[PDB]
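Right, one structure below, let's go through it.
Protein chains in written order, with the deposited numbering: chain a, 10 to 64; chain W, 10 to 64; chain e, 10 to 64; chain o, 442 to 728.
Right, here's the structure in full:
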């Protein structure tokens, strides 16, 4: 149980960008592959890798 | 078929409250269990029960 | 990979109504059937057909 | 309460005028003294609601030469301070919201009185709520005006000196009288003590000058026409709308802010009142 409600409307634009980007990502939850480290190169929009690096 | 489009620009803060609630809640549509009555105690954020009471 | 981010705030109303309609539709992604042509009659809200016409 | 009168010379051959007044609508007028002519002028253009110095041009100005910087000028129901004077062009700079007054709209043609050092005062003390009838009689080397030809007027006392001063610097989210606020509502007010200020004229732009013994701040929240929330006993210099009532009242696109100071149930004569428009997430997304 976690929550993001009641944003002070001063920082409302950041939350608006959040609603834009996450909603855009929600078309299909697909991962190109599991990775133990963040790909430092060769990544762009539409690339989703499961970051399972120790931590 | 239903929609939530038609509404004035006055009372839509509740609409966006609901947009912050539903979207975040839909991370994973999981129900802790089916209930024929609303749990009157011992419930908090993250608790979802299918209210399947008569009616 | 695609995005709908960073629009000029002047026209944010159109894309907000957009995301509202899409969120409303996301309750259950159901298609009444597959159609090679857009139904020209007998359609209303809640009717979803897969437009798989040539093109 | 004390009574004062101001007048303009009808002719260059008039030296001064006599003050005659009586209590109520019955009785015999008792001479109270004489006073000189008060310099005055007419505003050529409207004076917008804005704190700090403002440049205004005066038309039909009289005795503009004798005006001095630092004097107290009263127009309609606002007391202002003169910062600069231009004899030739009759353009002066006025400090808005000074003493126990707040800025207000003044349409073109409003009369400005530089009453400082040019007012006739009746030394007798009168209690609040009493209605007076007074007349001004012109005096010339040829004699005095016959009372039958003197105009009559009435005034209702309101204990102006008794009431506490209203709050000063009224800034909302860092802006003065803004019509645009992005979400969170922050209102800042200044604390004014009449005793400490004494004869000094302090405008709204100045900061806190300390509170007055037994004086607090009260705020009223309205829904445009209806009263929804009322916060009293405020002692801080800022207030924010609690999140608890935001859902109950929902979004309030049109919010009326009313600010005043009250001590022992004594409300200030004047107050602030503006209807502001809110913007941000959940406010005005019809466009």
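All residues carry an ideal CB built from backbone N, CA and C; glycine is no exception.
Closest Cα partner of residue i within the set the options
i, options, result
"residue 625(o)", "543(o), 700(o) and 683(o)", "683(o)"
"residue 478(o)", "692(o), 460(o) and 492(o)", "460(o)"
"residue 504(o)", "472(o), 556(o), 485(o) and 536(o)", "556(o)"
"residue 40(a)", "21(a), 14(a), 10(a) and 58(a)", "58(a)"
"residue 524(o)", "635(o), 484(o), 495(o) and 602(o)", "495(o)"
"residue 34(e)", "62(W), 45(W) and 13(W)", "13(W)"
"residue 648(o)", "598(o), 614(o), 554(o) and 608(o)", "608(o)"
"residue 446(o)", "674(o), 554(o), 685(o) and 487(o)", "554(o)"
"residue 568(o)", "650(o), 464(o), 474(o) and 661(o)", "464(o)"
"residue 48(e)", "22(e), 31(e) and 60(e)", "60(e)"
"residue 580(o)", "508(o), 701(o), 662(o) and 455(o)", "455(o)"
"residue 726(o)", "21(W), 11(W) and 10(W)", "21(W)"
"residue 44(W)", "56(W), 30(W), 10(W) and 23(W)", "56(W)"
"residue 576(o)", "595(o), 582(o), 497(o) and 656(o)", "595(o)"
Burial state of residue i (16 or more Cβ within 10 Å)
i, result
"residue 500(o)", "exposed"
"residue 542(o)", "buried"
"residue 54(a)", "exposed"
"residue 26(e)", "exposed"
"residue 709(o)", "buried"
"residue 28(W)", "buried"
"residue 636(o)", "exposed"
"residue 641(o)", "exposed"
"residue 18(a)", "buried"
"residue 621(o)", "exposed"
"residue 16(W)", "exposed"
"residue 546(o)", "exposed"
Three-state secondary structure (DSSP) of residue i
i, result
"residue 708(o)", "strand"
"residue 547(o)", "strand"
"residue 563(o)", "strand"
"residue 726(o)", "coil"
"residue 494(o)", "strand"
"residue 462(o)", "strand"
"residue 718(o)", "strand"
"residue 45(e)", "coil"
"residue 472(o)", "strand"
"residue 660(o)", "strand"
"residue 665(o)", "coil"
"residue 687(o)", "helix"
"residue 584(o)", "strand"
"residue 631(o)", "coil"
"residue 590(o)", "helix"
"residue 9(W)", "Only positions 10 to 64 of chain W appear in the structure, and residue 9(W) is not among them; the question remains open."
"residue 601(o)", "coil"
"residue 507(o)", "coil"
Element boundaries [alpha helix (DSSP H), containing residue i]
i, result
"residue 23(W)", "22-34"
"residue 636(o)", "635-638"
"residue 673(o)", "Here residue 673(o) belongs to no alpha helix (DSSP H); instead the beta strand (DSSP E) covers 668-675."
First and last residue of the uninterrupted beta strand (DSSP E) at residue i
i, result
"residue 594(o)", "594-597"
"residue 519(o)", "519-527"
"residue 445(o)", "444-446"
"residue 679(o)", "679-681"
"residue 12(e)", "Neither: residue 12(e) is in no beta strand (DSSP E) and is coded neither H nor E."
"residue 537(o)", "532-539"
Residue i beta carbon near the ligand MN (any heavy atom closer than 6 Å)
i, result
"residue 661(o)", "The ligand MN is absent from the structure shown, which contains no ligand whatsoever."
Interface residues of chain B facing residue i [CB-CB closer than 9 Å]
i, result
"residue 10(W)", "The displayed structure is made up of protein chains a, W, e and o, and chain B is not among them."
What are the residues in the region 18-32 of chain a lying within 9 Å of chain e by C-beta distance? 22, 25, 26, 28, 29, 30 and 32
Give the residues from the region 677-690 of chain o that approach chain W closer than 7 Å (Cβ to any Cβ), ordered along the chain. none
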